[PDB]
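Novice: experimental structure below, sequence on top.
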Amino acid sequence: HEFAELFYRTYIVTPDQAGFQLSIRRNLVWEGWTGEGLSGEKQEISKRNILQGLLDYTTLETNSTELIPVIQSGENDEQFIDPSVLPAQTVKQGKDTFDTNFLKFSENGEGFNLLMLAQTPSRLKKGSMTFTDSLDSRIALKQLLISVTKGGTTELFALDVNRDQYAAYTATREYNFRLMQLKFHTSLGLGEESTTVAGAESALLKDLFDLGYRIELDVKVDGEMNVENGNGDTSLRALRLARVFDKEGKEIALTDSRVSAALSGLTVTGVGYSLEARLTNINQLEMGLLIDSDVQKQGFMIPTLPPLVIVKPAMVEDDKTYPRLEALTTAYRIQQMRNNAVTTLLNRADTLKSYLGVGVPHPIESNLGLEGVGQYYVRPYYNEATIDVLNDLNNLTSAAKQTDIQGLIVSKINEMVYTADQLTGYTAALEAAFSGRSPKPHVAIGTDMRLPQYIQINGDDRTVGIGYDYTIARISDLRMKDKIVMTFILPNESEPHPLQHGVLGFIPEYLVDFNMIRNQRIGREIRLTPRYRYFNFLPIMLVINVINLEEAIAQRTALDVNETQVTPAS
Amino acid sequence: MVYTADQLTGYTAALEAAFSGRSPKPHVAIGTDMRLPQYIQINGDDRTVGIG
């Protein structure tokens, strides 16, 4: 029969065994080093599947060589700006949680030693700086902080300057074989919708912002930096309001009444700046990102089932009171592969309902409630939708009603297939498990005997969607009335491969013919003792409920006239 | 109506079991008076009694 075969793959085992254990492998990416030494007990650890790194983008991203200046209270406060302007910022690197701020300018003062300042607590524990740690080739400005002051109100702006035209240190030799020179010659723009550090529009510039005007500030900053001893310095040379543009792009003179009124009393003063520098550490102190592996074992047991007996007298031979053994074989078929498949399938549906919620995805191997070895490969996912054909059928011609009832179901089923595929990343899992062959998913359709005449299409590949293979199986059980069941299947494989939706552990067992007395009567008995079990691997299932179709055809299917309120009612 | 009768009666399985080999698709006899039939017969319209 088709229905049981389609969803559950047949898997035969020798009669001597009682079950099979499945070996699965996993590659893990994790921030390593449980604790910080060696001790007892088990602590608390996390591991991330590398495939889950495909979906989320923060799994394997680490910066352990970025030199962020680290505040040390009472030892380096003079090289940081006064904290009365901008409070310190908590920045997370590895495990250390420290505070940072913008380095202060100076002109006639001595330079700052960048390397000694950025000594992180993790580096504190491992010892002081070495003399062999040298800065990377690229050293560039990260952030400029300027203050526009009018009266007693101070406004702070975070004008990003990184990866601009002139923002990269360049090599030139005047003193040493290692010096780096900075020529930040450019005018920066302060747009008509840019926001302050504390968020929301600044108040001191509202006049130009309303009329769609922007201001141009010419900035000249110079700098010297040595990539061997961390000694460097930066000078602020020029900063001033330069030009004002209109919203459409012509210069407006400073002498204009509006511009002159808006810019009266404004002062722009440099405060701080941040350097982005990296440690091209050859001898290395950073520990990177560990990789791990682990294996998981899963047990599977195959039980025995009650027998089916026929009794015939042991003095007269019969072929009518005992129909030939084929009767028992047919009874065995109907008992086993008709009812148990459906019962297991619907039990899986209800269990998924109970556990996985409705339509809410789940991280990889994040739940333990279900049978599954594909549970190590794709996100668990369960979604259902009901179709009220009475309320959801477009029609303007009763001759075209059949095509429309086709199209509604087809579009909805395509939507469900797409949403499952997209949210669980199933195709990526297939491309990972198999090499050299990326198979488009094959989607099975399980329905009852009269619904296919309205869902089938010969002429479109859209029956489950383009580039999709679908096979409709029909079963007559009334538990399957008005219900659609779908899942992903690999058709060409017949082995316990964890991406199978389910495997039917089936044993060959044969009748036992003999004479036997029971409560003092004579007769021959034939016992047929089945053993078989349905197992489930894939935790993905979608349910489509079709209802109200009878009155849908029977009753008028009016065009659901959507007005939009052109009358005094909105 | 024909599909619903097929569902609730199980006629198809009966035919499949009773006759070995060929599994004839069911026939539907259509009986009416002089007036209607010219309207049941198609003049360019979707399906007749349904495929099969």
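Specialist: Yep, that arrived. Residues are numbered from 1 along each chain as shown, chains lettered A, B, ... in the order given.
Novice: leaving out sequence neighbours, find the closest residue to the residue of the stretch 401-550 of chain A at minimum distance from chain B.
Specialist: Of all residues in the stretch 401-550 of chain A, residue A:450 sits closest to chain B, at 4.2 Å by CB to the nearest CB. Every residue, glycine included, has its C-beta placed from N, CA and C. Leaving aside its chain neighbours, residue A:450 sits nearest to residue B:3 (4.2 Å; criterion: CB to CB, 6 or more residues apart in numbering or on different chains).
Novice: give me the secondary structure label for that neighbour.
Specialist: helix (DSSP: H, G, I helix; E, B strand; the rest coil).
Novice: that one touches residue B:50, doesn't it?
Specialist: Yes. At 7.4 Å, residue B:3 and residue B:50 qualify as touching, with contact defined as CB atoms under 8 Å.
Novice: show residues contacting stretch A:50-59.
Specialist: A:27-29, A:48, A:60, A:363-364, A:377, A:425, A:428-429, A:432 (CB atoms under 8 Å, 6 or more residues apart in numbering or on different chains).
Novice: neighbour count for those residues - can I get that in CSV?
Specialist: Formatted as CSV, these follow (neighbours: other CB atoms under 10 Å in any protein chain shown):
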residue, neighbour count
A:27, 11
A:28, 15
A:29, 18
A:48, 17
A:60, 15
A:363, 13
A:364, 22
A:377, 26
A:425, 21
A:428, 16
A:429, 21
A:432, 13
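Novice: just to revisit the earlier point, quick one, what contacts the residue of the stretch 401-550 of chain A closest to chain B?
Specialist: B:3-4, B:6-7.
Novice: against chain B, how distant is residue A:14?
Specialist: 34 Å (CB to the nearest CB, to the nearest Å).
Novice: sorry, slip of the keys, the one I care about is residue A:326.
Specialist: 12 Å.
Novice: cool, and residue A:350?
Specialist: Taken as CB to the nearest CB, the span from residue A:350 to chain B is 24 Å.
Novice: ditto for residue A:332
Specialist: 16 Å.
Novice: look at that residue and say how many residues are nearby.
Specialist: Neighbour count of residue A:332, defined by other CB atoms under 10 Å in any protein chain shown: 18.
Novice: mind listing what it touches?
Specialist: By CB under 8 Å, 6+ apart, the neighbours of residue A:332 are A:308, A:528, A:530.
Novice: find the closest residue to chain B in the stretch 251-400 of chain A.
Specialist: residue A:399 (5.2 Å).
Novice: that residue: neighbouring residues, count only.
Specialist: Residues within reach of residue A:399, counting by other CB under 10 Å, total 12.
Novice: before we move on, what about residue A:416?
Specialist: For residue A:416, using other CB under 10 Å, the count is 20.
Novice: same check, this time on residue A:57
Specialist: Residue A:57: 8 neighbours (other CB under 10 Å).
Novice: need phi/psi at it.
Specialist: phi -100, psi 0 (degrees, to the nearest 10).
Novice: what's the answer for residue A:300, then?
Specialist: phi -150, psi 130.
Novice: hmm, it is touching residue A:18, no?
Specialist: No. The pair residue A:300 / residue A:18 is not scored as a contact, 9.5 Å apart, by CB under 8 Å.
Novice: these two: who's more crowded?
Specialist: residue A:300 (15 against 12).
Novice: ok, the more buried one - contacts?
Specialist: A:19-22, A:505, A:535.
Novice: which one (most neighbours) among the residues you listed?
Specialist: Most surrounded of these: other CB under 10 Å gives residue A:535, at 24 neighbours.
Novice: which strand residues bridge that residue?
Specialist: residue A:503 (DSSP bridges).
Novice: repeat for residue A:233
Specialist: Under the criterion used (DSSP bridges), residue A:233 bridges to residue A:224.
Novice: wait, isn't it in contact with residue A:224?
Specialist: Yes. Between residue A:233 and residue A:224 there is a contact under CB under 8 Å: 5.7 Å.
Novice: quick one, phi psi at residue A:120?
Specialist: phi -80, psi 150.
Novice: that one: neighbour count?
Specialist: 19.
Novice: give the contact list for it.
Specialist: With CB under 8 Å, 6+ apart, residue A:120 has these contacts: A:68, A:70, A:93-94, A:96, A:98.
Novice: can you turn the buried part of those residues into a ChimeraX selection?
Specialist: Buried members of those, defined by 16 or more other CB atoms under 10 Å in any protein chain shown, are picked up in ChimeraX with:
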select /A:68,70,93,98
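Novice: just the closest of the contacts of residue A:120 to chain B, please.
Specialist: residue A:94 (66.0 Å).
Novice: was I right to think the closest one contacts residue A:66?
Specialist: No. Using CB under 8 Å as the test, residue A:94 is too far from residue A:66 to be in contact (10.3 Å).
Novice: what is the most widely separated pair among the contacts of residue A:120?
Specialist: Farthest-apart pair in those is A:70 and A:94; separation 12.3 Å (CB to CB).
Novice: residue A:549 is in contact with residue A:393, isn't it?
Specialist: No. Taking contacts as CB under 8 Å, residue A:549 lies outside contact range of residue A:393: 9.4 Å.
Novice: mutual contacts of the two, please.
Specialist: residue A:405.
Novice: buried set for stretch A:70-81?
Specialist: A:70-71, A:76, A:79-81.
Novice: what is the end-to-end distance of stretch A:279-287?
Specialist: 14 Å (CA to CA, to the nearest Å).
Novice: just stretch A:501-509 next, same as before
Specialist: 25 Å.
Novice: and the residue of the stretch 101-250 of chain A nearest chain B?
Specialist: residue A:193 (57.3 Å).
Novice: what is the burial count for that residue?
Specialist: Residue A:193: 8 neighbours (other CB under 10 Å).
Novice: ok, residue A:447 next?
Specialist: 24.
Novice: same deal with the one 5 residues further on?
Specialist: Summarising burial for residue A:452: neighbours were counted as other CB under 10 Å, giving 14.
Novice: returning to what we had before: quick check: neighbours shared by residue A:233 and residue A:224?
Specialist: In contact with both residue A:233 and residue A:224: residue A:111, using CB under 8 Å, 6+ apart.
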